[PDB]
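Participant: Protein chains in written order, with my numbering: chain A, 3 to 340; chain B, 3 to 340; chain C, 3 to 340; chain D, 3 to 340; chain E, 136 to 157; chain F, 136 to 157. Even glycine gets a Cβ: it sits at the ideal position worked out from N, Cα and C.
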Amino acid sequence: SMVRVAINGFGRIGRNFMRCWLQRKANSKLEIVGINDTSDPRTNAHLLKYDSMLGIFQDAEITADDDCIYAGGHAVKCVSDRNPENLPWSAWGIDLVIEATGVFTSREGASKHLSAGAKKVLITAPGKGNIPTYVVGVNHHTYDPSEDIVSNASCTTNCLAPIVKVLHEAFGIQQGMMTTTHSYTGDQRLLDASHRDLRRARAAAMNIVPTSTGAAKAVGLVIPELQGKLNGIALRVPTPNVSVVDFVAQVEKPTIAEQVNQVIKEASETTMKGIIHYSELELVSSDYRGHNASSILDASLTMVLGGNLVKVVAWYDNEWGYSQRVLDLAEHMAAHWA
Amino acid sequence: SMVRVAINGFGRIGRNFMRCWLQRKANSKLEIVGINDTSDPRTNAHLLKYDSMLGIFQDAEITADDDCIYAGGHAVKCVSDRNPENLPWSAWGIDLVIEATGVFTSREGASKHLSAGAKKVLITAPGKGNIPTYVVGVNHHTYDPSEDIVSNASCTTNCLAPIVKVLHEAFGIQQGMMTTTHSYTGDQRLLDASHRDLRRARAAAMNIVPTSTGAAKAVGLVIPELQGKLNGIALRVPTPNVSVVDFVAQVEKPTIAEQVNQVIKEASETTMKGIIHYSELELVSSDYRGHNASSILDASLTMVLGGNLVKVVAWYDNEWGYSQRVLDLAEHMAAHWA
Amino acid sequence: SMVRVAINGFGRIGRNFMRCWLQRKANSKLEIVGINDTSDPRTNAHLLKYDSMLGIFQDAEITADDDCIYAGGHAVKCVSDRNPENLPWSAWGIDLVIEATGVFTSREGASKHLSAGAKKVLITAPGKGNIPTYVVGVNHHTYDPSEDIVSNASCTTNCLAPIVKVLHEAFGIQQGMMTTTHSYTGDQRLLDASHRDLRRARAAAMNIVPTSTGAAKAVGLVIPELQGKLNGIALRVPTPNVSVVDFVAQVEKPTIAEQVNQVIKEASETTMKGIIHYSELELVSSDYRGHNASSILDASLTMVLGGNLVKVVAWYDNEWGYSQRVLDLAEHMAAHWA
Amino acid sequence: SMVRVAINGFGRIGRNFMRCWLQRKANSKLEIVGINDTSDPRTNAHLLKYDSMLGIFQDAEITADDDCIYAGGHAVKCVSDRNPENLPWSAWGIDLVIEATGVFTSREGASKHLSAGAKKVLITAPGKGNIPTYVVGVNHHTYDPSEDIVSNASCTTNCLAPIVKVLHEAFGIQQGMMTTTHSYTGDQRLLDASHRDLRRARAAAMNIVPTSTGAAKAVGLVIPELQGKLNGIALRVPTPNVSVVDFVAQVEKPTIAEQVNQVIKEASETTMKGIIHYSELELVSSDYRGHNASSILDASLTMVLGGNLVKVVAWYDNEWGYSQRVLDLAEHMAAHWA
Amino acid sequence: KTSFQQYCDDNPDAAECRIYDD
Amino acid sequence: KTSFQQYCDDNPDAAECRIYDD
Ligand SMILES: NC(=O)c1ccc[n+]([C@@H]2O[C@H](COP(=O)([O-])OP(=O)(O)OC[C@H]3O[C@@H](n4cnc5c(N)ncnc54)[C@H](O)[C@@H]3O)[C@@H](O)[C@H]2O)c1
Ligand SMILES: NC(=O)c1ccc[n+]([C@@H]2O[C@H](COP(=O)([O-])OP(=O)(O)OC[C@H]3O[C@@H](n4cnc5c(N)ncnc54)[C@H](O)[C@@H]3O)[C@@H](O)[C@H]2O)c1
Ligand SMILES: NC(=O)c1ccc[n+]([C@@H]2O[C@H](COP(=O)([O-])OP(=O)(O)OC[C@H]3O[C@@H](n4cnc5c(N)ncnc54)[C@H](O)[C@@H]3O)[C@@H](O)[C@H]2O)c1
Ligand SMILES: NC(=O)c1ccc[n+]([C@@H]2O[C@H](COP(=O)([O-])OP(=O)(O)OC[C@H]3O[C@@H](n4cnc5c(N)ncnc54)[C@H](O)[C@@H]3O)[C@@H](O)[C@H]2O)c1
Ligand SMILES: [Mg+2]
Ligand SMILES: [Mg+2]
Ligand SMILES: [Mg+2]
Ligand SMILES: [Mg+2]
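1. Taking 7 Å as the cut-off, decide whether the C-beta atoms of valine 123(D) and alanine 112(D) are in contact.
2. Measuring only the C-alpha atoms, how far is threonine 137(E) from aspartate 69(A)?
3. Let me check one thing: in DSSP terms, what residues is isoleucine 258(A) bridge-paired to?
4. If I follow the unbroken alpha helix (DSSP H) through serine 325(D), where does it start and stop?
5. Considering Cα atoms alone, identify which of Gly174(C), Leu283(C), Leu200(C) is closest to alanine 251(C).
6. Ligand 6 heavy atoms versus the CB of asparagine 310(B): any closer than 6 Å?
7. Which runs of the beta strand (DSSP E), 3 residues or longer, sit entirely within the stretch 140-222 of chain C?
8. Please report whether the beta-carbon of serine 117(D) lies at a distance below 7 Å from any beta-carbon of chain F.
9. Under 8 Å, with one C-beta from each stretch per pair, do the stretch 73-92 of chain A and the stretch 32-39 of chain A reach the 3-pair mark?
10. For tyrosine 136(D), which of helix, strand or coil comes out of DSSP?
11. So, does the stretch 185-203 of chain D touch the stretch 233-246 of chain D, judging by three or more C-beta pairs under 8 Å?
12. Give a yes or no on whether 7 Å exceeds the smallest Cβ distance from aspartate 42(A) to chain E.
13. Hey, could you find the ends of the beta strand (DSSP E) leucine 49(D) is sitting in?
14. So is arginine 198(A) buried or exposed if we call it buried at 16+ other beta carbons inside 10 Å?
15. Answer with buried or exposed for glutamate 101(B), where buried requires no fewer than 16 other C-beta atoms within 10 angstroms of its C-beta.
16. Establish whether the CB of residue 341(C) and some CB of chain D are separated by less than 7 Å.
17. Give me the chain A residues within the contact set of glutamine 190(B), using Cβ-Cβ distance strictly less than 9 Å, ordered along the chain.
18. Expressed to the nearest angstrom, what Euclidean distance is found between the alpha-carbon atoms of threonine 144(B) and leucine 303(B)?
19. For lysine 51(A), which residues of its own chain have a beta-carbon under 8 Å away from its beta-carbon, when the five flanking residues on both sides are left out?
20. With a threshold of 7 Å between beta-carbons, can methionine 55(A) be considered close to chain D, or not?
21. Looking at the structure shown, is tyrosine 290(B) part of a helix, part of a strand, or coil, going by DSSP?
22. Apart from the five residues on each side of it in sequence, which residues of its chain come closer than 7 Å, Cβ to Cβ, to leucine 32(C)?
23. For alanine 66(A), I'd like the list of residues in its chain whose CB is within less than 6 Å of its CB, leaving aside the five on either flank, ordered along the chain.
24. List the residues of chain B that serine 3(C) touches, going by C-beta distances under 7 Å, in chain order.
25. Should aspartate 97(D) be flagged as near chain B, meaning a C-beta pair shorter than 7 Å?
26. Throw me the rounded Cβ distance for the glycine 131(C) and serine 156(C) pair, which I believe falls under 8 Å.
27. Listed in chain order, which residues of the stretch 270-302 of chain A have Cβ atoms closer than 7 Å to some Cβ of chain D?
28. Do we get a CB-CB distance below 7 Å when we pair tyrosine 136(D) with the residues of chain B?
29. Per DSSP, which one or two residues make a beta bridge with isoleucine 235(D)?
30. What number of angstroms, rounded off, separates the C-alpha of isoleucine 278(B) from the C-alpha of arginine 17(B)?
31. Which term fits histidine 338(C), buried or exposed, when burial requires 16 or more other beta carbons within 10 angstroms of its beta carbon?
32. Tell me the residue span of the alpha helix (DSSP H) that contains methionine 20(C).
33. Residue range of the beta strand (DSSP E) that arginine 109(D) falls in?
34. When every heavy atom of ligand 3 is checked, does at least one fall within less than 6 Å of the C-beta of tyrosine 318(A)?
35. Within 6 Å: the Cβ of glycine 188(B) and any heavy atom of ligand 2?
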């Protein structure tokens, strides 16, 4: 039957994921039966319906009472406990927790859901420590059905890894540098305020904000041959969603821009269909709101120098495209359940 | 002797106030000797120096160690405890606490500083309950040196009340409505997220966001004749600092726009000098960054209908202008310290 | 037979209007057959499809060649001449020109389209001089089919006038003041630069920018009893679309906020259905993108003082809602074409 | 005596340049005696004084009449003719024109100033065609005093070229890729509107906007050994000033991040003092407003892979730092005048 | 009283709980 | 009348000359 899902953390990713599932619910093996969050259900039904980025939810009515959110007649039980060890996962028969709070990314943290009665946890972020990491379209077929805690990596890793896999298999990636020019996220401050990261402390809609990213090194988790061969950074900029990866690779097989584009286009039509989209259109970030691909190659921007130095640029909707991949991974787990 | 000051809450107002005092330190009866804040001295020294709105502080060196922030050799001891009852106010000989956390605005909350040993508290916000409230230039000469807890009202009340006082004395205000088109503040979420106020939940730099406000009613605390005669709202918009009050008043004595402007101009040159500035220039919000007045009348926008319905528009730097008034009120309390 | 329409000026309003008509084409008496604009068909087809505010047009295919834009097989001939007297209106059998350039708002200017052969002109802006002005839902039934040049007023007048009409009929408006907190528009500079208006010269996305406006006075054109009784201003703020009117009225019949809201709610359900929407929800500007009403009353913000001083607040999508009204007015002219 | 200067185009660069000169006027060989611009002198004095980015000009009074702008008692004659062939350069005795309109960057265009009576033209942009190009600190000592039309390159070229020169001389640059994450400029559209570049057509404060840049290839103009070896792109983002270059180089001599940083730091203290600044601070774009360097290396972001793949990141104030370099080049020409 | 309301009583400075009168 | 004002008479759609009543 259905894998019973609870969302822990009903934030940007938790709510994007919920909308993704509501739109793909007819062919799903998942049933979202519960939400735990800081807020109450009436606040969360309001935010689920009224979204500054996604617009008003149209496909079904969304209401709430003291105990549940209702989406098209489907009742989702709600609780508000910030310690996951206390959550009613046994009583609600939760099979799978979508861990989207941002604060339970280690095994010890995510395992609190297992103590509370859930069977598995999917962390919507890179894991801290020894947590199996998957990027759909890159290594999700390696999923081991015995694993209890998994990570779907980051949004930037989901954009970069498919492109890297294609370039590596065609040309041999020896080293690569990345910079993501990335929309701001809720971890940054609206106005200058204390933060563990002195740059993320700074007014997010007023500044270009450099920050670290594990996304390059995490590509080595999902493409093990490239461990230690990639590095990079992020520049957070004053847009609220949609990001772009700039990847400069040192490759073994000498090539030219036309051939790099042909290889990625071919992959986007076959092995990476639905994961990489290939575009020759002269578009901007707003045009990629709601795109379902992990990576949209902007083919007009590809350049190569000296045969071996390759630059590619790929868009990604960091909220929605990533949440589509969370749903894809959860469906894959549900179809390989043990 | 100097009045020894501690800042509780080293946020936008706490740090603007610190910079206001550092610039006026030569003529001051106050000595800032302590800070309590949720963050540490090194982070807070960094934020004090590097401000997205005010720019880099260059009047003096700002450094820090584990225990203190140093502002030109002048040492400010730092502690980090969210419970004011635990603070070292007796141990540090604190006379006056600048209560800038946004949290301890009731008498019971602010009195926790008195329990910890401070002699007086100045709340940088409207007080809750029966806390004496002052607007410098309107009623600060009514301050009683025996009062142990006072409020400096809000930024919007400090802009509106001087204008209201001048208009009331010239024309007789019978009723008045206000809207502040206001820069976003740190109480709003950067992206749509959990909030007890469904409007403040919404992405602040992407939206016009209405909020209720007591700022117009509060004018009646500082102009008691107008208790109950004023009301209004706020519209938060995607600028990070500087705001503008639109005030529409029903007045007793018939007038015209030219007379309204001349009355405010006369006050700005005499009884309200330093509090109201009068401008006929066609400026925009950025031009009022760092302005020291509580209210800058935009004279070109004044209009009157039917003799008795008056519209005036006044700018204010909600961070810096308000912090100048906090310092003015504190210096007044120091001059009258019994 | 169909009324043959040409759009002059394929800007924000011209393209919003085109998209409004494409969605309502099945029930329309209008056929858009031509566009004149300073740009070329390929550029304009790209902008029609890829809109930063409206998203990608997906109802039909949009293509172009050297001579035409094609919207689902439907061909729209294109020309590019800044002088309307040179336009092929007789050659194309144009009945009605939608004058959306912002430039030909006087009778002499708009009449250049008549000289070129069009039968009537609808100006998407206030007219200059004695041009009959209409607000759908307020006075459009007074349209005379013999008029050759008409104005659909401004976006702000279309928001304010329906509210004013309802309030005037219920309570008797004696005088009223307006401020629109308004999204920036293309008349403002992106960075500080040359402009005949020193406020519009200033960087639009970085500032609150006051401008004078005739929008409140213009309500007196469509509600003649209130000629000379209304005035107001605009504050342009850093959002790209959606605006809000704050209206403060002196009324004859004493009232309270609850009655003001019920009167507008009743009108929104009856005589103003489709023109005024009534909302008790705590929403923000992004939520009103694409709303079809001329005015959405934000009922939670209504307030009254002393019986006779009434404040109401109403949202409007200044691009899309106004363009729906342009289409409504054009369909009305077509239904009454003599 | 003094080289008499006229500014053609009193825009962001023209006005930043004017303020740069006003602040360095005591030790200058230049006298700014004239301005030609679209606007009149009163508008331009207003914009010179009231700047959304630079703040209100403090160092001297700025006023105007029908004929002149006055800066601290210095009278600057003003004219408004968009055809430079008509300008009064002979009558005003203009030696040097600062060509800052953006539209006379070819020799035929810039030579119109020579026909009008000027002796030399300095184009504040890359030249079109065979125009000698200089970057101060890289090749300005090669200035040939017989040249009549010169180019100061672009802001991005001025940031990148000094860093490239240092890296090339230390490690040998074989190839390099650049991406500038760049503030929007006045060539972009505030809201979607026609433009020769379909991406620059799109709402600038709402979008990440990829665009071409000649800056990489132009580095080969000022470092001839690197002709054809560099390429790159720009991503325009919603900040109004301050930009950052991300440069990924393939170098001959194998190195590590610590050594790359040491080499640039040493250059910044000696051969590149005043041109490159070296920073280990964790700052954001707002903190570099008004910085006088062409390039500020963000040393914390330097990374190297495999010895030969080097990433460096450098900030630049694209308005002010570039205008300081325009002034430096003009002073160099004035000191080598023939 | 909801758990969220108790949370804001216990953490009035938290991002979910701030009310600045402006 | 200034040259700028004549420019806006001749180019009312130019960026320096647009006045949308809003
Ligand atoms: N936003 C993106 O683009 C993006 C993309 C990929 C991954 N992620 C990752 O997804 C996670 C969530 O990010 P987000 O942007 O949605 O953040 P968010 O702050 O919008 O959402 C976090 C949600 O969890 C709630 N929460 C916090 N602590 C909690 C607790 N102890 N118990 C219950 N609920 C709690 C918050 O109230 C909020 O509703 C993070 O790990 C982030 O790194 C974000
Ligand atoms: N920002 C303005 O324009 C403005 C103007 C006038 C008044 N105010 C008022 O000033 C107050 C602070 O506003 P702000 O804009 O500076 O907010 P802020 O969020 O920037 O600053 C609050 C500071 O207090 C700290 N803090 C919170 N709880 C604490 C506790 N229990 N102990 C110690 N430190 C704590 C926070 O970490 C932060 O540094 C609010 O009441 C606000 O309404 C703000
Ligand atoms: N944008 C709004 O919210 C809004 C709402 C209501 C009314 N209006 C009014 O509609 C008009 C247009 O506004 P907009 O926002 O669409 O501006 P816009 O600048 O986006 O569009 C104007 C279009 O007309 C073209 N144009 C200019 N002069 C021309 C000429 N001589 N011949 C042919 N084409 C020409 C321009 O190239 C542009 O495509 C203005 O009068 C404005 O006040 C705007
Ligand atoms: N803004 C930057 O960051 C930057 C940096 C380096 C170089 N540049 C270059 O500097 C030049 C100017 O750029 P800007 O950003 O200052 O643009 P801008 O649009 O702000 O300024 C151009 C000025 O020239 C005026 N002008 C236009 N055509 C004219 C004519 N025919 N006669 C007289 N005046 C005319 C305009 O009215 C405006 O005042 C461009 O070549 C640009 O590429 C810009
Ligand atoms: Mg090679
Ligand atoms: Mg009257
Ligand atoms: Mg009354
Ligand atoms: Mg190597």
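Facilitator: If we stick to the structure as given:
1. Yes, these two residues count as a Cβ contact at 7 Å.
2. When rounded, the separation of the alpha-carbon atoms in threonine 137(E) and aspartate 69(A) is 10 Å.
3. In DSSP, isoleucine 258(A) forms no bridge with anything.
4. Bounds of the alpha helix (DSSP H) holding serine 325(D) are 322-337.
5. Nearest option by C-alpha distance: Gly174(C).
6. Yes.
7. The stretch 140-222 of chain C contains these whole beta strand (DSSP E) runs: 151-153, 175-185, 211-214.
8. By the rule that beta-carbons nearer than 7 Å mark a contact, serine 117(D) does not touch chain F.
9. The answer is yes - the stretch 32-39 of chain A touches the stretch 73-92 of chain A, with three or more Cβ pairs under 8 Å.
10. If DSSP states are grouped into helix, strand and coil, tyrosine 136(D) belongs with coil.
11. Touching, yes.
12. Cβ-Cβ to chain E under 7 Å: yes for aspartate 42(A).
13. Note, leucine 49(D): premise wrong, no beta strand (DSSP E); alpha helix (DSSP H) at 43-51.
14. Per the 10 Å Cβ criterion, exposed.
15. Buried, by the Cβ-count rule.
16. There is simply no residue 341(C) to check, as chain C begins at 3 and stops at 340 in what is shown.
17. Simply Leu192.
18. Cα-Cα distance, rounded: 33 Å.
19. Leaving aside the five residues that flank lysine 51(A) on each side, the residues in its chain whose CB is nearer than 8 Å to its CB run, in chain order, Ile58, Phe59, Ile64.
20. Among the CB atoms of chain D, none fall inside 7 Å of the CB of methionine 55(A).
21. DSSP places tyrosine 290(B) within a helical segment (H, G or I) once states are collapsed to three.
22. Within the same chain, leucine 32(C) has close Cβ partners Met4, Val5, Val7, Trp23, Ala332, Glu333, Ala336.
23. Correct list, in chain order: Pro43, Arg44, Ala47.
24. The contacting residues do not exist; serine 3(C) stays about 44 Å from chain B at best.
25. By the rule that beta-carbons nearer than 7 Å mark a contact, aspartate 97(D) does not touch chain B.
26. The C-beta distance from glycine 131(C) to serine 156(C) rounds to 16 Å, too long to meet the 8 Å contact threshold.
27. Within the stretch 270-302 of chain A, the residues whose Cβ lies closer than 7 Å to some Cβ of chain D are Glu284, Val286, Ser287, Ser288, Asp300, listed in chain order.
28. Not an interface residue.
29. Under DSSP, the beta-bridge partners assigned to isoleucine 235(D) are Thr181(D), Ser214(D).
30. Those two C-alpha atoms are separated by around 24 Å.
31. Exposed: under 16 other Cβ atoms inside 10 Å.
32. Element bounds for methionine 20(C): 14-25.
33. Note, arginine 109(D): premise wrong, no beta strand (DSSP E); alpha helix (DSSP H) at 109-117.
34. The beta carbon of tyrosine 318(A) sits no closer than 6 Å to any heavy atom of ligand 3.
35. Correct: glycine 188(B) has its Cβ closer than 6 Å to ligand 2.
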